[PDB]
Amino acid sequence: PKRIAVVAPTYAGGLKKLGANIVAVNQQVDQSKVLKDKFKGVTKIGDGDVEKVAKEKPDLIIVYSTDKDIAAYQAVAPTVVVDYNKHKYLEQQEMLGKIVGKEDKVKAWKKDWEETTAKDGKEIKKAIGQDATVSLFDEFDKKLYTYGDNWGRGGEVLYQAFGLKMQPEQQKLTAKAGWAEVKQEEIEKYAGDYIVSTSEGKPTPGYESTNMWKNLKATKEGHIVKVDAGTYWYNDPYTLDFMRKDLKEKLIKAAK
């Protein structure tokens, strides 16, 4: 029952899934309608909350490689420092399987996940077309963002699992960093056949009100797929299975 403090929110759902003794978890899991329920009764910390982490007495601390309080956590407990960029969503769960020694439980999760989504992918393409493209549009702080195949927002399900085709210019732009800000008037340039927009529940965003948005072919064909932003930030086994179910139905229904 080794006590883990998960400061980096990327790896919270993957450890919970494997049954880790998470005694502390990043506050930001509360934004996910999948993960909030999984972590009720678990202490919420934010960045800088070293004593909040310390007080729950962790045997292990998990932080990002860009976390500034690493030396502070090193004084509290053994700190596993994780470079996000180093592993993709499946390899990332393999790593968490090592942390808790459930490496064989992950190999079975991976196999079933890959089987189901590949088979899902053949089905999705049957409705929308083999080379039908999907775009990612995400607003935060009134800025517009798009992503590669491994930066949340459904990308790892859409492009890796399902094998759907990524919008040609979105792929070029995000090939470098995995993410990129989009000029609200170059939005037509990155729009694809289908659009995943993280504006579910959100008041009609600035980019969903422009006349260029109303004139996109995806909008015209009713191919806008709206999803909750906070829920779609993640790429954990809990989130993955939800997005799998959610994206499949919303895309197929969009296909008339």
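Position 1 is the first residue in the sequence shown; the rest follow in order.
Here the stretch with the larger average CA B-factor, out of 130-138 and 179-187, is 179-187. Comparing 163-171 with 149-157, the stretch with the higher mean C-alpha B-factor in the PDB entry is 163-171. If you compare the C-alpha temperature factors of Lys122, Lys111, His87, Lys105 in the entry, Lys105 comes out highest. Sort the chain's modelled residues by C-alpha temperature factor and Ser199 lands in the middle third, per the entry. Among all modelled residues in its chain, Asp228 ranks in the lowest third by Cα B-factor. In this PDB entry, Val100 carries a Cα temperature factor that places it within the highest third of its chain's modelled residues. Among all modelled residues in its chain, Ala5 ranks in the middle third by Cα B-factor. In the PDB entry, a CA B factor belonging to the highest third of its chain's modelled residues is recorded for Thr43.
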